[PDB]
Each structure stands twice: as structure tokens, then as C-alpha cells.
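For reference, the structure is listed below as C-alpha cells.
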Amino acid sequence: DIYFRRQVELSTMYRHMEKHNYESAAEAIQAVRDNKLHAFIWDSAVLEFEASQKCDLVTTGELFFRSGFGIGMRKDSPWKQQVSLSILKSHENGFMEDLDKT
Amino acid sequence: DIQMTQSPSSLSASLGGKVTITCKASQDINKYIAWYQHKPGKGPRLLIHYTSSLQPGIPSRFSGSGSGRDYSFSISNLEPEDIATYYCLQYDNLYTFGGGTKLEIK
Amino acid sequence: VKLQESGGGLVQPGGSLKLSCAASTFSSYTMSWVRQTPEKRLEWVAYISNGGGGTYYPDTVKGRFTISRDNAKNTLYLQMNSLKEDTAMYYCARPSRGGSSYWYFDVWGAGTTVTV
Amino acid sequence: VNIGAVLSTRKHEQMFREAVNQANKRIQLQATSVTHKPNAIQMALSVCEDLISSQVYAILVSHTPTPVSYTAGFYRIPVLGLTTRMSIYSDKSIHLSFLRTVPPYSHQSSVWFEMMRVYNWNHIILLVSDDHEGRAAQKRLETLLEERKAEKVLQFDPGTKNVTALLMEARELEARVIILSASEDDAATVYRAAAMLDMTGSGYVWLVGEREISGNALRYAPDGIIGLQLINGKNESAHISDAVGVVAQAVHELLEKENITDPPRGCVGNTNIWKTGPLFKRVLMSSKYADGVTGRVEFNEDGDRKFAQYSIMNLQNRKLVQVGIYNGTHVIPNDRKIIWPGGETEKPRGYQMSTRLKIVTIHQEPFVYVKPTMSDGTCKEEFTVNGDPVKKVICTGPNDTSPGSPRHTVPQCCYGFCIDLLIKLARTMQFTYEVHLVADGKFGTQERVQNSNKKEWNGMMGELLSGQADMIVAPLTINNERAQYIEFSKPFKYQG
Amino acid sequence: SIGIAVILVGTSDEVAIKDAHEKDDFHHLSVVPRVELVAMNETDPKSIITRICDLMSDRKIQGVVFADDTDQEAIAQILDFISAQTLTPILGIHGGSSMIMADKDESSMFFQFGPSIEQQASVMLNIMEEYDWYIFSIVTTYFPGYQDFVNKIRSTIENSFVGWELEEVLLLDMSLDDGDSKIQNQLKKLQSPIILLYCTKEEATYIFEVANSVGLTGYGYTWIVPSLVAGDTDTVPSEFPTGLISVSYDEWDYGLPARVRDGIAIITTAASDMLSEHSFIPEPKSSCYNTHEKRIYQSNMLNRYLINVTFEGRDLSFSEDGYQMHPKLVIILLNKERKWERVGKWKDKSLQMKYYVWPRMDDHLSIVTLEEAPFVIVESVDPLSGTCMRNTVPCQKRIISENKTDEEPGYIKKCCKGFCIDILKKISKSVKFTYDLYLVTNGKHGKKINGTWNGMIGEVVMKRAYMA
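And the structure:
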């Protein structure tokens, strides 16, 4: 809702979005399979898992808003130099590849 | 509602004497006073307002003083067209009335 | 504006006599009227506001009396029931400065009698 | 010219008229009669028993001064200094102008802000009652913070009946500096509830405002309290003398100008706006003085002196000894041996590095699961496809178990991607941790609430902003709007 | 037997004022109220105080009404003094405004009768939100009510305004100023057209001397200020330009005798017996010198009850800062001969404007179109705002009706999208344009019958200043 509200060229699309929104991910996921909702917009890192277990739905390709989920901290906490290191270390020695393989 | 009781029973006076009748209500009235006079069979005539304010057409023969709930009203210099009977009114609650007295001449 | 009473009687002892007092502006003017004792006491009878509400009596004639008024014909309506020990005279009185409040009238009526 | 007066001290009225003969060296003067009573209403009646001769004069006198700032602000009657410490009386919305001499209760703002640079940097939780007396100080101290960091502030308007909850919450927060600006009965209330909570003891308590020394408060304070007090602020003779001095300098300066017309001498028949009111305000707002008996007094936009000298006190539990003085820039004392009950080592900074952190998460599969536990509290031990132990942690679930209206919190059980990464980070960085779920489940966004000009942050990120947690380990995207004041890390993954 | 003050105005008809209130029958509520008339025309504080508390000392007075001519400061704050000194309810005033600011803390008072300054700003947006025309300027001189005013028009101009441009303009204070110096630097930016600030009448006469000196008087501009600067009354100097439109609440308000009856009804309906949960007997004050600690328990129960009372279709209520909760509203008045002529009435949230276009505004064109396939799409309007965001075009469609009344160029301005409208929004910026966009009615677009043409070419051959 921030990405759509920010853009001006998509404003009419956002004006079409206000009358059908949901409150949680599972509500819309169950509502797509009940044919009340023909399409849904969310992250790729949830939909590619959902398209491998509940085996009736599909994604459709391209990406719009490329980013990554990050650790949210309070401003100027002293852990801001430690946790920015160890994450990179976990990306180096193959921990995250074990994590998403598991 | 509040009820009043005037007293006592008489306006016995000669030509030009002095009588005074008291407004006595059950509750504090804050000088809520009127005074009326009538013949038997004619109809009332107003005398007195808030500060014993007399009426145009009514002479200076009628005065009074008092406060709170007790008021005195004095009549003097009476010409015998005022063969009447004098009555006090309170309106704290909707209207209030007592007994009142009648005038005789000796 | 002047007040003239009508409907005078007590032809049934303990009956009901609808007396009235017409006026000739009385629509913004409240009403309350008076019977007279043999001791001549100007005792109150009933109470209406100018707008029909506020229907009350003093403690002499409570419990028996049916009350109304009509500001179109500029008339009052109340049936006399508990005057059956009195040879009373009734007049109507229109209190000055109007309203549903009350003030000091010089605007009284004419005076008619009610006899048993 | 004469000089109106409001009674306060009788012999001061004798010496002002004696001082008028002194002021006659600059354009001749006299003084008039004075009056003050216990009836405010009456004193508003008797303003033009004094204003009849107010065709070219100004007068404002200290002790509430409420019925006189409004009366002599009608006809634009110039109003001068006095002895007030409220804040409603420095406002371009309540009255026209009435110069000041003593700085207000909130106006001791910077003596604290400069104390940090005197010792060491600090972090401040600032306790403030809910009134303008404190909202003004909050705004001023935030204007001082917006120069070149503070935990939070609280609300306690009617705080005088078992208010330990507020202090119980400040005990949990990581802050050893307390700023307390309230009334003396509220000072005797916070001192109760902190002594019951042992914050008078091993904690710290910092003691702001001039309403903490006087009153039952000095009966109720430990050794080592620091209070402030202004230099000669109870020498009202020195005030009336410098008052007649700053008006004698202002009269000769104003009389030499043009369009010196005077207001009328009637007090019950005037209706116009006399144009020399602003000229009086102009000549008074630019009146810089050399020196008197009260120290050099100049004027700010609020007609205050701005150059007040403040006396720094300390309680050794036998007397409030003064240790140092203020002069815009603080003078550095030398007999300043600050105690604390404490002993003498616990005088500098001192921050408690917490090792138990609060974590907020949300229900998002396959990243974070949510499962109800077994019947005995401890949840189900399971195994992977490889027979490996699925490491779980007991997430404190929401009160809103079922989206309806019920509010019952239960121990649930949680597991997953972010849970495993939190396990590795906690084993790496020595973390004691608790995990409680989010209130509603709306991921955090910004909107304008409470039909005004306030924009608070809904959902999870508001619980990060309000101190309900200290880390967010969840699928939370990186945006321009969240990164305005929330620092991120290298973001786990890449997606769209 | 309740004590109600009167009105002291040095002019009006106290008979109509008496008669209006005395027909409201306050029975079925508790005791009946009363009135006592007096009059004064002087405007100093001391006469006001010794009359108000003289009448307080004589009568057991519950509340005070007041209005004299048109002086706002010479009443205001003085009333907040006597109200907080006496702990007694006091009605709102006419003869000055009861507005600009009840800024003191109403914890011992409260008096008011008027719309708020923000309800006026909200209707000032919905009025200029009838045709086009977003918020241009910022309040330049020092109102004391400035920071709330700008922080409310800012906080509503972004979360719910239909594509609005910037405000490159600020606030100064030319009271301490020597003259036309810093007001010269603000007359450059100040783009076109503008919005006038909140100032005084004399200083408006000043700032119009500076604006006439630079050239802002003619110049194709309009000026909205909501009445409180110059439109306090029917009196205006000739140094006011013919663009100086202005909204108030009043040309048939407080001064009316029915309004007096409404004011009597608000104080009198809030009976102590009506407060059935707290049947407390009010002990009114003795005199203006003491008895201020006896009303500590009574006035707080009274503070909760004045808000929404029910009346006889006239439900008037107050906020914590004393305003309505459905205030009486009027529209903007304009003329050119010393210049206020009435154009409207507003109640809840309606406007029902007398014209759908502003008179006094060649490069102004009418343009006629047609709804059809992928070129000009007509859709309906928003049910909360009326206008259109992406379309940004009126398309004032006429209705064909019964042959006794004219057509409807006040039918709701249906949105118009497509490919030609996006072309038109580029062609306007290419040279210089101005639209007057409307639809065809006979529906016979592009047809020639025996003798004549119909539809769009029918309005081409009739020379109606057109495009297609």
C-alpha cells in the first residue's frame, strides 16, 4: 500500500484496490482457491513456497520492487555493527543455503 | 408546590387610618409580591410590584417594605371607593396564594 | 384585548361545568383563573401555559378536574366539580408579559358566578 | 509623570517614591497611591481608579497576577516587568506586552542541557505532568535537542494517588537520568513511589525545577539532591529599585521622540486604540541597560532578562549548600564535591547494559510458524526429514487468539526460518531474549490518526518505536519510509 | 424562576426579541425561566463589570447574554475573566464575534456561539472544491490562531485533496516593521492566483496599498478570506478590490429573534432535574466578590450536559472549545458596489450553489465531445468529493426534460476519460488554452438531415465557440 500510494501513475489502480483488501496473508490465500479473488499481490518469497505446497495456484514471472527483508533495530543501538557482520558471515560459510534447503 | 397563608382576617380602620397585612409563604420568595383590590362583584385592581412600585392611575396612598419571605403592605388615606379586599401573590413555583382579608369601615 | 367569561353554572351539585373566557393577542399568553369564597379569597383553580402544557392545580381542587384551552378561539376549558360547597364567583385572568412563565396581570376578565 | 502601583511590600512603596527623586535626574516624575486586596474581582474594578492618570505611564507589579494583564492591555497601555514564573504570561496570544524580570519556571531549560557537556553525554527520560507547565519546557528542550537523544516523556497531570506504575515502567527502560518538573505535592508523590520501588536507592534520581526544594519536599529528600535557585530572587527591594531604574532610563529615551501624543484621562468613556502603545513597546524592547543592583538586564522577545544568574545547589542532607553560579555559560566551581547516598564513586554517568532483550515477531509461513502447545506448557518435540531436532522457542502469543473481541494471552509455540537465525545470533552474541507476538498483525505503516496533525505508526513498527521491543526479526521489507529513522542491515535474501 | 440576563444594544427591537422567546414552552422540564431588560451602549471594561456584577448582586442570576455593535476585542477576554471569576454559564455573543479565539482554558468558563475557524476552513475548501482551484497561498501576517490553522490545512491538504500543487510562501509580521519593506519581498512569490490571509481591516487597507503599488489589484486574481478581517458588517472602504469574496456564517443568525429564542433554550433546557442522575439543587452566586468555592461541584456536572441537547429540530451542541457540532452556515458574498451580495446557504455539508461557474472568469473555449469507444470514456463521480482525480475535467452534461423549464448545466459533472482527453491535456500546454467541456444532447452526432446538421456538427454550424 505504500508502494502503490507513492506512485502517481498507478493511482487509479490504487483507487481500484481500496474496496477488496484483506487483513492477513492466509485469508487471501484461502480466498483465491474459493474463486472470490482472481489475483493477489505479495512477496515472491512467500508465493514460491505457496506454489509448492497448495498445489493449485501459480505465479506469473516478472518482478517490480526488488528488495530484501531486513532486521529492524532501534536507532543507534550498539549492536548495529555486530549484527551487520555476522549476517554476512552466515552468507559466506553456507549457513543460509542449509537454512533454505531445510 | 409552595402554598401561602396571609393573615389576619381584618382591615378594620376608620377613614385614613393604617392597617398592614403580611405575605407569609412556606418558602423564601425574594420579594415576589403583588397586591390587588376589588369590590364584591366588580373585579381586581393592581397595586404593587417588586420594589413596592405603584401603578399609574393608582395614588401614592399605598406603600410597603419587607424581604425574603415576609412583606408588609400599608394602606393609608383611603377614600370609600376602595371598599375592597387585599390579596398577595407569589410565583416561585407556578402560582401561590393564601387567605387574605376584607375591608370594613368603622 | 379584553376578556369576557361565559359558561356559568353549578346546576348539578358535584357535576361538571365547562366554563370559558374568550378574548378579543392571547396566543402567546398563559392562563390561570380564580374562584371566590364567601370569605372572598381569590383562590387559584388551575394552571396552563400559553402552549397547552403545564397542566396543574393547587391543593384545593386536585384529582377531579379535566383541563384544556384553545388559543384559536382564545378560550380556556375546565369543568368545575369540587366547588359544590361554594357560591363562588369566577373570573378569568390573563397574566401580563406572556410566556409559559408568569407575571403580574392587569389583564383580568369580567366576573361571573357559580351557584349551588 | 506619576507612577501607579500595586501593593506587595509597604516600605518598598516608600523607597520607590524615594527613588523617584533619584530618578528625577533624567522630564520630571511622581508616584501615586497603591492598593491590593484579597478580591480579584474588586481589583479589576479599581484599575481605572489608578488608570485615570495613565495617559503616559506604565506599571506592572509582582505578587496570581490575572486581572491586570488583561485590563491594561486593552487601550495598549504599556506593561512592564514583575515577579512571575508562569508561562501563559509570555504569550503573543494572551496579552499584548508586559516585560519581565525573572525567568519563568520552564525557562531554566539549558542549564540541564549544558550540564551534559559539563560532565558526560547522557540519555534522558523526562517526567513531566500534563499541563502547559511542562509542555512548554518539553518544546523548548526539544528545540535544544534539535541543535548541531532522549528516551521518552510521560504524562501525569493528576498524579497524586498510587502512581507507582509510571515509575515501574521507567525502571524497565534503559535510562539513569530522570528529569522531573512538577509541583511540590507531586514531588512528595514521586518520592514516595520511588522509595517503595528502591529508585531513591540503587537507580538514579535527578531533581529538576524550583518546585522540588521548597515544601514538604525538603522533608522528603535524600542526601545529594541537586536543585536550582536564581540569584537574588527573593530580594524584592532590589527588584523595585531596578524597576525604577529601568523606567527612569526608558522615560528620558522615549520623551525625545516624535508623535508623543498621550491617551485620555477618562477611564470610563474611551474606546480607541492608542497608537503610542507600540512605540512604548519598541522603546522598551530595545532598552539594554548597563548595570544596577540585580545584575545586567537586557531583553528578549518575551521581555525576559535572558541573562539571569542561577545558583547551583546540593543537599548534603543537612543544608542545601550552593556550589556554583551561572552566567549564560556556566562558571566551573571548585568546592563542588557532589555526593549521592551512594558514596562518591557513583557520581558520573553510569549506564546499565541490559542483556535481556525483547523481540517482536509476526505469523508468516514458511518463515515463522505459530502452534498451540501441549497440555503441560512445553510444546511438541519433533524431527525433520533427516531426524534432526526442530529447535523451537516459546513465543508469547497474542491476547487476540481468535479475530473477534476476546483478549486472552496464552503460551503458544513457535518455530521456523527467523527462529533458527535468531537462535544462531543469540548463541553468537550472548543474548537473553523473550519473544512476544504482535498486537494486530498489520506489519507497520504510517497514517494520520486522531483527526489532527499527529502521524503515529500502526502495528509492529509502532511497537518498535514505543519501546515494546528492541529487535524485529521477520519478513519486513526495506522501504524509503521506514528507513527514515530505523537502521537496517544487509537484508537476508533478495526478492520482489 | 431562573435568572437570564438580556441584551444591551445601542439601537434593537426588544419587543420582537421578548415575544420570540416567550412562545417556547419549557414545561415538562424543571421551574420556568424569566427575563429582565436593561440597556447600555458604552464600551469600556469598568461599566461592563459594574453592570454585570451589579445585576448579579441583585438577582440570583444563572446566565448572561450580551451583544452591542461590531467590536470583537472590546468584549472578548473580558468575558473569559468574568466567567472564570463567577463559575456561571454565559451565552455566546453578537455585536462582536464570539469567535476569533476562546483561547483561555475553559475549566471555569465556557461561552461561544459560532463555527470554528477550522470548520470554516473545511467549508472554504469544499467551496473552492466545487469547480477547480486548489489551495494557493499561506496566511502571511500574524493571526494568533495561525499554527493550528496552517497545520490543519496542511494535514488535510495532503491525505485527502485531489492533486494539489505546492505552497511556496511564508508568514511574517509587519507590525514592528517600518513600512512597505518586507511586504515587498513577499509580493514576488505569491504566484497566481492567490488566497488572502487573516489580518485586520486597517492592515488590510495597508496591505492593499502595497498590493496596489506593485500591481496585484487587477491582474486576474481572486481572494478568499473568511469574513473576519473586513467582512464583519455591511461597512467596507472603497479601497477593497472586486475579487475580495468572503464567507461568513451570518446574515440571518444571532441578531434574529428566533436565534435569541435558541440561546434561551440552550441554557434553560439543561435543567438540574433533567440531570436525573445528579439531582443537585443549584445555589446561584451571591455577588461578584466571593462564593466561588461553592460551585466547584455544580459546574462540572453542567459542563457535560450542554453537549448535544435536543431541541425542536434545532439540535445545537458545543465542542470542548465551544463550537458546533452542525453550526449555522452561509456562503461567500460578492458584489462590486461596496461589496457583499448573498449567494448561499449551507447546513450539514451541502452547498447548492446558485451558479455552477464563477462570473468575471480571448482564449476561453467551449469544447463539445461525445461518449464512445476508446477515445472519450464517461464514468461517474466520487460519492465523497464530486470531482475527478485522473480525469480532471468537468464534462457538464445537460439533461433533456419537460418543455416548461430550461436544461440542466448543474447536473453532476461526470468524469470524462479516454485518448482524446489525454491529447487535450497536452494541447492545452502546447500553446495556451482554457476548457469549457460539455456533452451533446440530441444524440445525433455527425448527421445531416434535410436542411440542417445535428449533434456535434449541429453545434458546429450554429457557431457556438466550439471544438469537437
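Residue numbers (this note's numbering), protein chains in the order written: chain A, 71 to 172; chain B, 514 to 619; chain C, 8 to 123; chain D, 24 to 519; chain E, 11 to 478.
Even for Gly, the Cβ is constructed at its ideal location relative to N, Cα and C.
{"Asked": "Would you say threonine 397 of chain E and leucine 447 of chain E are within 8 Å of each other, going by their C-beta atoms?", "Found": "no"}
{"Asked": "So what does DSSP say about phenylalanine 454 of chain D, is it helix, strand or coil?", "Found": "coil"}
{"Asked": "Which chain E residues sit within Cβ distance under 9 Å of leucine 119 of chain D?", "Found": "Neighbours of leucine 119 of chain D on chain E: none; closest Cβ ~11 Å, over 9 Å."}
{"Asked": "For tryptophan 144 of chain D, does the count of other Cβ atoms within 10 angstroms reach 16, so buried, or fall short, so exposed?", "Found": "exposed"}
{"Asked": "Would you identify the three-state DSSP class for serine 440 of chain E, choosing helix, strand or coil?", "Found": "helix"}
{"Asked": "How about the region 374-383 of chain D and the region 454-465 of chain D: do they share at least three Cβ pairs that are nearer than 8 Å?", "Found": "yes"}
{"Asked": "Please return the same chain residues whose Cβ sits closer than 8 Å to the Cβ of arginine 319 of chain D, not counting the five positions on each side in sequence.", "Found": "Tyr312, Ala313 and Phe330"}
{"Asked": "Are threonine 67 of chain C and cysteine 28 of chain C close, meaning C-beta to C-beta below 8 Å?", "Found": "no"}
{"Asked": "Buried or exposed for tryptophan 480 of chain D, please, with buried defined as at least 16 other CB atoms from any protein chain shown within 10 angstroms of its CB.", "Found": "buried"}
{"Asked": "Name the chain A residues that come within less than 7 Å of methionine 399 of chain E, Cβ to Cβ?", "Found": "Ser81"}
{"Asked": "Rounding to the nearest angstrom, what Cα-Cα distance links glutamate 261 of chain E and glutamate 351 of chain E in this structure?", "Found": "10 Å"}
{"Asked": "Check for me: the alpha helix (DSSP H) holding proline 301 of chain D runs from which residue to which?", "Found": "299-308"}
{"Asked": "Is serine 108 of chain E close to chain B? Criterion is C-beta to C-beta, closer than 8 Å.", "Found": "no"}
{"Asked": "Look up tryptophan 174 of chain E in the DSSP assignment and say whether it is helix, strand or coil.", "Found": "coil"}
{"Asked": "Can you tell which of D:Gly292, D:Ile75, D:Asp327 and D:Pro90 has the C-alpha that lies nearest to the C-alpha of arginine 108 of chain D?", "Found": "D:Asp327"}
{"Asked": "Just to confirm, are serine 113 of chain D and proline 101 of chain D a CB contact at a threshold of 8 Å?", "Found": "no"}
{"Asked": "Output the distance between the C-alpha atoms of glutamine 65 of chain D and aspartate 153 of chain D, rounded to the nearest integer angstrom.", "Found": "32 Å"}
{"Asked": "From what residue to what residue does the alpha helix (DSSP H) around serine 57 of chain E run?", "Found": "55-68"}
{"Asked": "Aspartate 493 of chain D CB to nearest chain A CB: under 8 Å?", "Found": "yes"}
{"Asked": "What number of angstroms, rounded off, separates the C-alpha of residue 182 of chain A from the C-alpha of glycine 519 of chain D?", "Found": "The displayed coordinates of chain A run from 71 to 172. Any statement about residue 182 of chain A would go beyond what the structure contains."}
{"Asked": "Determine the DSSP secondary structure at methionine 363 of chain E, reduced to helix, strand or coil.", "Found": "coil"}
{"Asked": "Closer than 9 Å between beta carbons: that is the criterion. Which residues of the region 567-596 of chain B meet it against chain E?", "Found": "none"}
{"Asked": "Would you mind reading off the limits of the beta strand (DSSP E) that contains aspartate 77 of chain C?", "Found": "74-77"}
{"Asked": "I think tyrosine 84 of chain C touches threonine 119 of chain C, with their Cβ atoms under 8 Å apart; what is that distance to the nearest whole Å?", "Found": "Actually they do not touch by this definition, with Cβ atoms about 15 Å apart."}
{"Asked": "Measuring alpha carbon to alpha carbon, tell me which of A:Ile141, A:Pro148 and A:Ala109 ends up nearest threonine 129 of chain A.", "Found": "A:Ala109"}
{"Asked": "According to DSSP, simplified to helix, strand and coil, what is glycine 332 of chain E?", "Found": "coil"}
{"Asked": "For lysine 442 of chain E, count neighbouring Cβ atoms within 10 angstroms of its own Cβ and tell me buried if that reaches 16, exposed if not.", "Found": "exposed"}
{"Asked": "So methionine 184 of chain E and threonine 215 of chain E are supposed to be a Cβ contact under 8 Å. How far apart are they, rounded?", "Found": "Not really, about 13 Å apart at Cβ, beyond 8 Å."}
{"Asked": "In its own chain, which residues sit with a C-beta less than 8 Å from the C-beta of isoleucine 317 of chain E, not counting the 5 before and 5 after it?", "Found": "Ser327, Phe328, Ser329 and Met335"}
{"Asked": "Taking only three categories from DSSP, how would you classify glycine 529 of chain B?", "Found": "coil"}
{"Asked": "Rounded to whole angstroms, what's the CA-CA distance from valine 41 of chain E to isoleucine 58 of chain E? Just pull it up for me.", "Found": "29 Å"}
{"Asked": "I want to know whether the region 132-142 of chain D touches the region 272-286 of chain D - three or more CB-CB distances under 8 Å.", "Found": "no"}
{"Asked": "With distance defined between alpha-carbon atoms, name the residue in D:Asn422, D:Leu122 and D:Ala159 nearest to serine 110 of chain D.", "Found": "D:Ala159"}
{"Asked": "For chain E, is any of its Cβ atoms less than 8 Å away from the one on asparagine 81 of chain C?", "Found": "no"}
{"Asked": "Would you report the Cα separation of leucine 103 of chain D and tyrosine 80 of chain D, rounded to the nearest angstrom?", "Found": "10 Å"}
{"Asked": "Looking at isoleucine 127 of chain E and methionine 138 of chain E, is the spacing between their C-beta atoms short of 8 Å?", "Found": "no"}
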